[PDB]
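Peer 1: Mind looking over this structure? Questions follow.
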Amino acid sequence: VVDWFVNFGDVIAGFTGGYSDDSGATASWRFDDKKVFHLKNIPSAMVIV
Amino acid sequence: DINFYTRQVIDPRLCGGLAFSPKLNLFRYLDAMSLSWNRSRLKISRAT
């Protein structure tokens, strides 16, 4: 028990020396575009994208 | 004396149209503004 306590104490005391880590960034696109176009002067003709 | 029966298709390549084609009056309809629910989707995704 005393060995466990002293090990815990020395570990929890020895942390301040270093403090740093990494990072990351993402770039994402989502497309859900359902577009409609009319053949102008011919409304019957039409195109869906 | 002739007596027989036949049944024929309406050759939809040539005929079979000549109707309203319910695609239209609905495709030119709200399909754009209804799609514009991307606003609401972005709103919910922001808090998601």
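Numbering starts fresh at 1 for the residues of each chain in the structure tokens, the chains themselves are lettered A, B, ... in the order given, and ligands are numbered from 1 as they appear.
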Residues of chain A within 10 Å of chain B, counting only C-alpha atoms, what are they? List them as a tab-separated table (two decimals) with N, CA and C atoms, in the first residue's frame.
Peer 2:
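Okay, this is what ended up in out.tsv:
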```tsv
chain	number	residue	atom	x	y	z
A	31	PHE	N	-23.45	18.19	-51.21
A	31	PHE	CA	-24.25	18.67	-52.33
A	31	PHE	C	-25.58	17.94	-52.33
A	32	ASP	N	-26.67	18.70	-52.33
A	32	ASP	CA	-28.01	18.15	-52.45
A	32	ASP	C	-28.84	19.04	-53.36
A	33	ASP	N	-28.26	19.46	-54.48
A	33	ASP	CA	-28.87	20.44	-55.37
A	33	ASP	C	-29.65	19.73	-56.46
A	34	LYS	N	-30.95	20.01	-56.53
A	34	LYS	CA	-31.84	19.50	-57.57
A	34	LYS	C	-32.38	20.71	-58.33
A	35	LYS	N	-31.71	21.06	-59.42
A	35	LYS	CA	-32.02	22.28	-60.14
A	35	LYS	C	-32.86	22.00	-61.38
A	36	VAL	N	-33.63	23.01	-61.78
A	36	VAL	CA	-34.54	22.93	-62.91
A	36	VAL	C	-34.28	24.10	-63.84
A	37	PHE	N	-34.30	23.83	-65.14
A	37	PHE	CA	-34.13	24.87	-66.14
A	37	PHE	C	-35.13	24.65	-67.26
A	38	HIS	N	-35.67	25.76	-67.77
A	38	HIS	CA	-36.65	25.73	-68.84
A	38	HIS	C	-36.01	26.22	-70.13
A	43	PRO	N	-41.75	26.55	-72.77
A	43	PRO	CA	-41.89	26.07	-71.39
A	43	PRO	C	-42.12	24.58	-71.28
A	44	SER	N	-42.66	23.94	-72.32
A	44	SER	CA	-42.84	22.49	-72.28
A	44	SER	C	-41.50	21.77	-72.16
A	45	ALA	N	-40.52	22.18	-72.96
A	45	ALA	CA	-39.18	21.62	-72.85
A	45	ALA	C	-38.55	22.08	-71.54
A	46	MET	N	-37.87	21.15	-70.86
A	46	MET	CA	-37.34	21.43	-69.54
A	46	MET	C	-36.26	20.40	-69.22
A	47	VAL	N	-35.33	20.80	-68.36
A	47	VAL	CA	-34.20	19.96	-67.96
A	47	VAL	C	-34.05	20.01	-66.45
A	48	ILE	N	-33.84	18.84	-65.84
A	48	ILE	CA	-33.64	18.69	-64.41
A	48	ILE	C	-32.21	18.23	-64.18
```
Peer 1: Run DSSP on the backbone and tell me which residues of chain A come out as strand (DSSP E or B); list them as a PDB file with N, CA and C atoms, in the first residue's frame.
Peer 2:
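Output contents, as saved in states_12.pdb:
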```
ATOM      1  N   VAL A  36     -33.634  23.010 -61.775  1.00  0.00           N
ATOM      2  CA  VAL A  36     -34.545  22.930 -62.907  1.00  0.00           C
ATOM      3  C   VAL A  36     -34.276  24.105 -63.836  1.00  0.00           C
ATOM      4  N   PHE A  37     -34.297  23.831 -65.138  1.00  0.00           N
ATOM      5  CA  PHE A  37     -34.126  24.869 -66.140  1.00  0.00           C
ATOM      6  C   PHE A  37     -35.132  24.653 -67.258  1.00  0.00           C
ATOM      7  N   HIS A  38     -35.669  25.756 -67.765  1.00  0.00           N
ATOM      8  CA  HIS A  38     -36.648  25.731 -68.840  1.00  0.00           C
ATOM      9  C   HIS A  38     -36.014  26.217 -70.132  1.00  0.00           C
ATOM     10  N   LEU A  39     -36.334  25.537 -71.229  1.00  0.00           N
ATOM     11  CA  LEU A  39     -35.920  26.015 -72.537  1.00  0.00           C
ATOM     12  C   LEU A  39     -36.752  27.245 -72.869  1.00  0.00           C
ATOM     13  N   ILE A  42     -39.965  27.946 -74.841  1.00  0.00           N
ATOM     14  CA  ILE A  42     -40.588  26.628 -74.942  1.00  0.00           C
ATOM     15  C   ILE A  42     -40.749  26.088 -73.527  1.00  0.00           C
ATOM     16  N   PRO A  43     -41.752  26.546 -72.773  1.00  0.00           N
ATOM     17  CA  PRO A  43     -41.894  26.074 -71.386  1.00  0.00           C
ATOM     18  C   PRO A  43     -42.115  24.578 -71.275  1.00  0.00           C
ATOM     19  N   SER A  44     -42.657  23.941 -72.317  1.00  0.00           N
ATOM     20  CA  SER A  44     -42.839  22.494 -72.282  1.00  0.00           C
ATOM     21  C   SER A  44     -41.503  21.774 -72.164  1.00  0.00           C
ATOM     22  N   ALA A  45     -40.517  22.181 -72.959  1.00  0.00           N
ATOM     23  CA  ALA A  45     -39.178  21.624 -72.850  1.00  0.00           C
ATOM     24  C   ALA A  45     -38.545  22.076 -71.542  1.00  0.00           C
ATOM     25  N   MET A  46     -37.869  21.151 -70.864  1.00  0.00           N
ATOM     26  CA  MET A  46     -37.341  21.425 -69.537  1.00  0.00           C
ATOM     27  C   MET A  46     -36.256  20.404 -69.223  1.00  0.00           C
ATOM     28  N   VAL A  47     -35.326  20.801 -68.355  1.00  0.00           N
ATOM     29  CA  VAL A  47     -34.202  19.961 -67.960  1.00  0.00           C
ATOM     30  C   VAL A  47     -34.046  20.006 -66.445  1.00  0.00           C
ATOM     31  N   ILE A  48     -33.842  18.836 -65.844  1.00  0.00           N
ATOM     32  CA  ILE A  48     -33.637  18.691 -64.408  1.00  0.00           C
ATOM     33  C   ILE A  48     -32.205  18.234 -64.179  1.00  0.00           C
TER      34      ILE A  48
END
```
Peer 1: Among chain B, which ones does DSSP place in alpha helix (DSSP H), written as a ChimeraX atom specification?
Peer 2: /B:31-35,38-47
Peer 1: How many Å separate atom CA of residue B:23 from atom CA of residue B:8?
Peer 2: 26.7 Å
